[PDB]
Every structure is written in structure tokens, then in C-alpha cells.
There are 2 protein chains.
Amino acid sequence: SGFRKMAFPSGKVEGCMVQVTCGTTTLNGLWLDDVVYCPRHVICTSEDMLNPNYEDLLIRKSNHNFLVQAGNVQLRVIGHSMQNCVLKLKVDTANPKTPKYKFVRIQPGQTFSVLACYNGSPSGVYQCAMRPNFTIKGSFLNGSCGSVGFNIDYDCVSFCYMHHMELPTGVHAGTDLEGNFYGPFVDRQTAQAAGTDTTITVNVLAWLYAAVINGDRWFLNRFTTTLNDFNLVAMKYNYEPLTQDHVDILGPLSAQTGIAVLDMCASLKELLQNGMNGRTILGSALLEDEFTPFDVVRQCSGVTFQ
Amino acid sequence: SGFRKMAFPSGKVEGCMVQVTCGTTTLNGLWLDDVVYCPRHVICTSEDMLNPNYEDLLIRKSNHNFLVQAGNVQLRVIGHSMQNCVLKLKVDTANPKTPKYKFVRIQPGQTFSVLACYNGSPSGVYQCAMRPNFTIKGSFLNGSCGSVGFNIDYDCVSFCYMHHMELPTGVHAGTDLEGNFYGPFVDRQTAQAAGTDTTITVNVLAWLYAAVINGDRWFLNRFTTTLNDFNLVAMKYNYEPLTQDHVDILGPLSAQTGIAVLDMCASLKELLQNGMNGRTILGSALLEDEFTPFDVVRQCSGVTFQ
Ligand SMILES: *C(=N)[C@H](C[C@@H]1CCCNC1=O)NC(=O)[C@@H]1[C@@H]2[C@H](CN1C(=O)[C@@H](NC(=O)C(F)F)C(C)(C)C)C2(C)C
Ligand SMILES: *C(=N)[C@H](C[C@@H]1CCCNC1=O)NC(=O)[C@@H]1[C@@H]2[C@H](CN1C(=O)[C@@H](NC(=O)C(F)F)C(C)(C)C)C2(C)C
């Protein structure tokens with residue numbers, strides 16, 4: 001037992017990070033087979049980033065201007081192109097550590113691990129959720145751009161996020177690996193604001209099931225509710241609507257505990273209307289919404305990857 | 001900016017996990033050069049674990065009774081011995097992925113990452129602290145024994161924990177890599193209780209400094225305090241005494257923010273006596289004590305390992 005904010009093992013991704021330098025700008029790149037993916041603003045000077053024309057800036061660069069190092073070994077660049085906000089550098093050496101992988105575009109509410117990197121070397125790994133406003137609550141410093149977020153499924157790494165920028169209240173924005181931003185953000189140094197966030201209701205329910213499985217049951221009440229009634233309450237507290245799709249995904253946890261999804265909605269409704277009254281759930285004094293139903297199943301059943 | 005419960009990258013340790021089977025019991029082992037380290041109760045049947053005589057049980061085993069697999073490849077065992085609560089299996093093949101490593105015995109209040117594993121394959125990584133009562137608040141299921149905890153420093157992995165058992169309230173107990181238990185616990189299935197926990201005061205202060213660096217400053221008051229006076233208050237709230245050694249270790253964060261350690265003690269004292277009043281610090285509604293001063297420095301300065 002016990003329940004922790006668990007990240008995926010990072011080894012498969014650590015084998016793919018490299019450092020990319022153009023001029024005096026250095027950030028991280030992702031080396032898969034014979035291509036290096038990195039944020040396109042590696043081609044910017046400081047001044048360029050206020051209002052860059054990336055297509056213009058790239059026209060003036062040639063292969064040899066990109067310095068790619070895997071550890072201390074330089075990888076010779078033999079071609080380059082831009083796909084939305086990501087640069088693709090073809091190199092003359094395939095990465096022998098390339099895992100089975102996919103590029104995926106994740107949906108708001110889904111979680112992934114981030115391997116935070118500087119100068120092509122990993123600093124740490126942590127779990128994140130794509131918020132409903134298309135930001136993530138990460139931990140990123142200068143030089144962390146090109147760090148990636150991923151999920152693993154058996155042996156296959158699904159890369160879902162590349163880090164690009166930080167937004168006013170210390171939240172973070174980035175792209176999928178085809179260079180398309182999550183949310184309405186652009187890679188330009190100008191005032192930009194995320195929309196209002198909302199709580200990922202299906203994830204809060206998943207976490208309450210994790211609590212019950214770990215023996216933390218005080219919040220369970222004797223009532224049930226309709227889907228419609230619950231969603232009326234949730235709206236008032238800035239919770240996402242719960243859909244039948246979400247109910248179906250919660251099915252495995254419901255069947256494990258014997259607690260119907262709508263009964264656990266009645267318990268959540270009481271928590272939202274009355275608060276938790278100085279009490280904790282799974283050691284937390286706030287309701288947690290960064291575990292998906294699949295994350296709870298994985299952790300409570302011991303799913304592995306190797 | 002941002003501040004997250006960050007784990008070390010696990011790749012160096014993932015290369016060392018193997019599965020060890022004796023009879024019908026399977027758990028995880030750690031393969032470094034030509035030795036596999038694993039918990040000694042792999043030699044137990046279910047019934048043996050109520051009151052085992054490990055020296056007796058081991059006398060009746062020979063090398064070939066230990067089935068060691070690195071992935072699907074069996075590693076031939078050519079010798080075996082017991083060192084306290086750990087078994088050391090010599091194998092006829094050195095692990096080519098062995099990192100630079102040390103075995104260390106950590107002190108209460110220090111943190112480490114856990115690579116949770118089943119059948120020799122990694123499930124996830126998370127950060128933990130050795131509590132003052134010599135337990136850790138982990139996430140471990142049946143089959144996770146032999147999972148290890150570690151720190152990294154540049155290129156050197158310090159292994160500090162091997163997982164052995166779970167204690168009444170869902171907390172966890174284990175050994176260092178020389179087989180010596182942290183705390184008064186034994187590897188026998190009998191009722192055992194951890195002592196009362198206490199809050200790691202130096203770590204709470206480190207985390208308040210992390211808050212200030214991230215711009216969360218509401219709790220800073222205009223006062224100072226003596227070390228002696230602060231420790232009188234902390235005792236009442238079950239906080240560890242703060243020593244001059246702890247003050248010295250907080251020096252780098254103090255110098256970075258310009259906030260003397262004793263001034264931040266005055267702010268913590270007010271939080272303990274008055275509570276946080278519905279407010280959060282770094283997104284938390286409780287004071288957090290699982291970041292050491294070094295963890296804060298590492299994360300806020302972007303220290304890497306590769
Ligand atoms: C890439 N290494 C950095 C990562 C930042 C750096 C600041 C701290 N936290 C991070 O995640 N990315 C950039 O610096 C990025 C680049 C330039 C400006 N920029 C920003 O993140 C800026 N954000 C905005 O201007 C916007 F969000 F208001 C700030 C945080 C002001 C530097 C470009 C090319 C968008
Ligand atoms: C090793 N794979 C397991 C890990 C456990 C299993 C239960 C769930 N969480 C874990 O960490 N270790 C054991 O099973 C261990 C072994 C046997 C009994 N034991 C325990 O952990 C037991 N604990 C106690 O008996 C004591 F703490 F009260 C329980 C949790 C009751 C199985 C030995 C050889 C100590």
C-alpha cells in the first residue's frame with residue numbers, strides 16, 4: 001500500500017537527450033534514429049525572441065551552424081527543416097539507444113512524466129497533467145527548453161510534450177513533437193496569459209478510489225446522485241463536467257471497490273459543499289486531480305515496463 | 001520557476017535490476033559488477049516467514065537453486081553468501097551497465113529516489129525521505145522487495161535503501177545495501193510498530209526558502225527569534241530540534257534570498273502557532289518536509305547528472 005505521485009522510469013528517454021547549440025543559444029534536443037528534434041527558437045538571439053521571424057532566421061543558417069553533442073561526441077548535421085515550432089536536424093548517425101516510440105497529442109486531463117534537462121543532461125523526473133487550459137505545472141529553468149514529456153506502455157515510449165516557455169504565474173507551455181502548441185500560445189517573448197483553469201473531475205474521482213483501496217474511507221457517505229445533479233454542483237466549484245465516457249473509464253476502479261461511480265460522485269459532492277474539515281485524504285489536505293484512472297490502476301496493480 | 005517533488009533520473013539504476021527466484025518466491029535483485037544483492041527472505045516459503053531461521057534455510061540451498069534473470073537471460077550463480085539481511089549471489093557475468101556507485105547509510109531527514117520494481121522490471125520512480133522513525137512513506141505492493149533507493153551525484157549512484165517490508169499504517173521499512181535495517185525492525189512476519197514520527201524541521205525551512213525563491217512570500221513576518229526560543233515552540237508541535245549544523249546547511253539558501261535562518265524560523269513559528277488560514281504555500285495546504293536544503297538548491301539551480 002501507499003500512494004505516491006509516481007513518474008515513469010526515465011532510462012529509455014535519457015538515452016535520447018542531446019544538446020543543440022546554434023550561435024550562443026543552447027538547449028536540449030531529442031535524438032531518435034537519425035533525427036534530432038528541438039525547439040525552433042534555438043536559432044534566436046536574445047533580441048530575436050521579442051518578435052522572431054523563424055523562417056527568415058532559418059534561411060540564413062546551414063547544416064554546419066547546428067552543433068549537436070551526445071555527451072561529448074559531436075553529431076554531424078547533414079540536413080535540417082522546420083515543422084511548426086520544432087526543428088528537425090538530420091544527423092549522419094542513428095541513435096543506437098532509440099526505443100520503440102510514438103508521437104502522440106495528448107488530451108487535457110491526461111498525465112505524463114517530464115524529464116527535465118539542461119545542456120542535454122537530465123536533472124530529474126516528475127509527473128505532470130495537461131491542464132484544461134493547456135498549461136502544465138512544471139519546474140523549468142533557463143535552458144530547459146527541449147525537455148520532453150512522455151508516457152510508457154510496455155516497451156513503447158509515447159512522446160507527448162516538448163517544453164518551450166513559461167507563462168505569467170509560473171506555469172508552462174509547449175508543443176507536441178510535431179511542433180504544434182498545446183493551447184493558444186506562441187513562441188514569442190510577449191505578454192501571454194493562460195485561460196482560467198478548471199479541476200479535472202474524473203481524476204479527482206480516480207484519486208478518491210485510490211484512497212478507498214488504501215483504506216482511507218472516512219469521506220464515503222450513504223447517498224447516491226444522478227450524473228446531471230452532480231454536474232450542476234461541480235460547475236459551481238469550477239470542476240469539469242463528468243461525461244459518460246469518464247464514467248466508463250472509471251469502471252475498473254468502481255468494480256474493484258464495489259462503489260458505483262455515481263455513489264462516489266455523491267461523496268465528492270459532499271466534500272465540495274462541506275470541505276474536508278481539517279482532515280486529509282491520502283495525506284493531502286486538498287483534493288488531488290493529477291492522477292488519471294489509468295495511473296491509479298497502474299500504481300495499485302504494479303504494472304511494469306522494463 | 002515552479003517547484004515539484006522531483007526524482008533522480010532512474011536510467012543508471014534501471015540497468016542494474018534483475019529478478020531473483022528461489023523455489024516459488026520471486027523478488028528483485030541489484031546486479032553490480034558480478035554480484036546480485038537481494039533481500040534474504042527470497043529463500044522463504046510463505047510459512048517460513050512467520051518465524052524464519054535464515055541461516056538454517058540458506059544451508060539447504062546451493063548456487064543452482066537461485067534463478068537470476070536479467071530480462072529473459074539467465075545469469076548463472078557461482079557462489080552465495082548472506083550479509084545481515086541481504087543475500088549476495090556471485091554470478092559468472094559482470095553487468096556491463098554497472099554505473100559508478102557507492103553504498104551509503106543515510107541519516108533520518110535525508111531524501112532519495114525509489115525505483116519501484118516487480119519481477120525485475122521498473123514500475124515507476126518517486127522521491128522519499130527517511131523519516132525520523134526510520135520508515136519511509138512509499139508505494140509498494142507484493143513482489144516489490146529488493147527495489148532500491150538511491151541518490152546521484154554527477155555520475156555516481158549512492159544506493160542507500162533496499163525495500164523489505166510494510167508496517168501497520170502503510171509505511172515501509174528496509175535496509176542499507178549491507179543488509180542492516182534502518183530502525184528497530186526485523187524481517188519476520190510478526191506484529192511490529194514504528195515509533196511516533198516527527199517533522200523534519202530543517203526540511204520545512206528549506207521548502208519555505210523554495211517558496212520565497214518562487215515568489216510565494218505572504219508568510220514572511222517582520223520578526224526574528226533565537227535558536228533556543230524557536231526550538232521550544234517546535235517541540236510542542238512535534239518538530240525536530242534545529243541545530244547549528246542545520247543552520248549552516250541552510251546557509252546557501254539564506255544567502256540567496258537575503259533572509260537569515262533565524263528570521264525564517266520566526267516566520268515558521270507564526271505558521272505553527274496560527275496555521276495557514278485557508279492559504280497555500282507552493283500549492284500545498286500543509287507544510288512540506290520531504291525536500292532537503294540540497295534538493296532545493298539542486299532543483300532551483302538546474303543541477304544535472306547524465
Ligand atoms: C527555454 N529554455 C526557456 C525556458 C523558460 C525560461 C524561463 C524560466 N522558465 C522556463 O520555462 N524558454 C524561453 O525563454 C521562452 C522563449 C522566449 C521567451 N520565453 C519565455 O518563456 C518567456 N515567456 C513569455 O514571454 C510569455 F510567456 F509571456 C519568459 C518566461 C518571460 C522568459 C521564447 C522563444 C518564447
Ligand atoms: C516484499 N515483496 C514484500 C513487500 C510488501 C508486501 C505487502 C504490501 N507492501 C510491501 O511492502 N515484503 C513482505 O511481504 C515482508 C516479508 C515478510 C512479511 N512482510 C511484510 O511486509 C508484512 N509486514 C509485517 O509482518 C510487519 F510489518 F508487521 C506484511 C505487510 C503483513 C505482509 C517478511 C520476510 C518480513
Side-chain angles (χ1 to χ4, degrees), chain A residues 1-2 25-28 38-52 54 57 85 114 116-119 135-136 138-147 162-175 181 183 185-194 214 300 302, chain B residues 1-2 25-28 38-52 54 57 85 114 116-119 135-136 138-147 162-175 181 183 185-194 214 300 302:
Chain A
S1 55
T25 302
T26 294
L27 40 65
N28 306 285
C38 70
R40 66 181 170 170
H41 69 79
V42 66
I43 69 182
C44 287
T45 65
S46 277
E47 37 101 356
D48 297 325
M49 285 172 344
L50 270 308
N51 195 25
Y54 287 104
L57 289 176
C85 301
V114 173
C117 288
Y118 300 90
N119 303 307
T135 62
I136 72 177
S139 177
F140 293 107
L141 300 174
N142 284 314
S144 68
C145 294
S147 297
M162 181 138 282
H163 182 57
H164 281 72
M165 70 192 315
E166 196 181 272
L167 289 168
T169 81
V171 301
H172 300 104
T175 70
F181 259 95
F185 311 112
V186 295
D187 51 349
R188 146 171 192 202
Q189 183 175 319
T190 189
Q192 286 173 73
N214 279 264
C300 294
Chain B
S1 55
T25 302
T26 294
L27 40 65
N28 306 285
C38 70
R40 66 181 170 170
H41 69 79
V42 66
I43 69 182
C44 287
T45 65
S46 277
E47 37 101 356
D48 297 325
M49 285 172 344
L50 270 308
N51 195 25
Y54 287 104
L57 289 176
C85 301
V114 173
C117 288
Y118 300 90
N119 303 307
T135 62
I136 72 177
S139 177
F140 293 107
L141 300 174
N142 284 314
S144 68
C145 294
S147 297
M162 181 138 282
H163 182 57
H164 281 72
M165 70 192 315
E166 196 181 272
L167 289 168
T169 81
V171 301
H172 300 104
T175 70
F181 259 95
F185 311 112
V186 295
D187 51 349
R188 146 171 192 202
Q189 183 175 319
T190 189
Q192 286 173 73
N214 279 264
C300 294

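Counting starts at 1 for both ligands and their atoms, in listed order. Here is the naming used below: chain letters follow the sequence lines, and residue numbers restart at 1 for every chain. Note: hydrogens, waters and symmetry copies are ignored here, and every other heavy atom, side chains too, is used.
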Open item on the list: Which residues pass the salt bridge (charged side-chain N to carboxylate O under 4.0 Å, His left out) test with A/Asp187, not counting sequence neighbours?
Closed with: A/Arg40

Task: Nearest heavy atoms of B/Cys85 and B/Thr175, plus distance in Å - done: CB-CG2, 4.1 Å

Open item on the list: I need the minimum non-hydrogen distance between B/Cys145 and B/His164, along with the two atoms involved.
Closed with: SG-O, 3.0 Å

TODO: Kindly assign one of parallel, tilted or perpendicular to the pair B/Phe140 and B/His163, based on the angle between their ring planes and the thresholds 30° and 60°.
DONE: parallel

Task: Closest contact, heavy atoms only, B/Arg188 versus B/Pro52 - done: CB-CD, 4.1 Å

Open item on the list: Do A/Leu57 and A/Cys44 have side chains that approach each other closer than 4.5 Å (heavy atoms only, starting at C-beta)?
Closed with: yes

What are the atom names and distances for all N or O pairs under 3.5 Å between ligand 2 and the protein?
residue: ligand 2; atom: 2 (N); partner: B/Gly143; partner atom: N; Å: 3.2
residue: ligand 2; atom: 2 (N); partner: B/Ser144; partner atom: N; Å: 3.4
residue: ligand 2; atom: 2 (N); partner: B/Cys145; partner atom: N; Å: 3.0
residue: ligand 2; atom: 9 (N); partner: B/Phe140; partner atom: O; Å: 3.2
residue: ligand 2; atom: 9 (N); partner: B/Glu166; partner atom: OE1; Å: 2.8
residue: ligand 2; atom: 11 (O); partner: B/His163; partner atom: NE2; Å: 2.7
residue: ligand 2; atom: 12 (N); partner: B/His164; partner atom: O; Å: 2.9
residue: ligand 2; atom: 21 (O); partner: B/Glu166; partner atom: N; Å: 3.0
residue: ligand 2; atom: 23 (N); partner: B/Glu166; partner atom: O; Å: 3.0

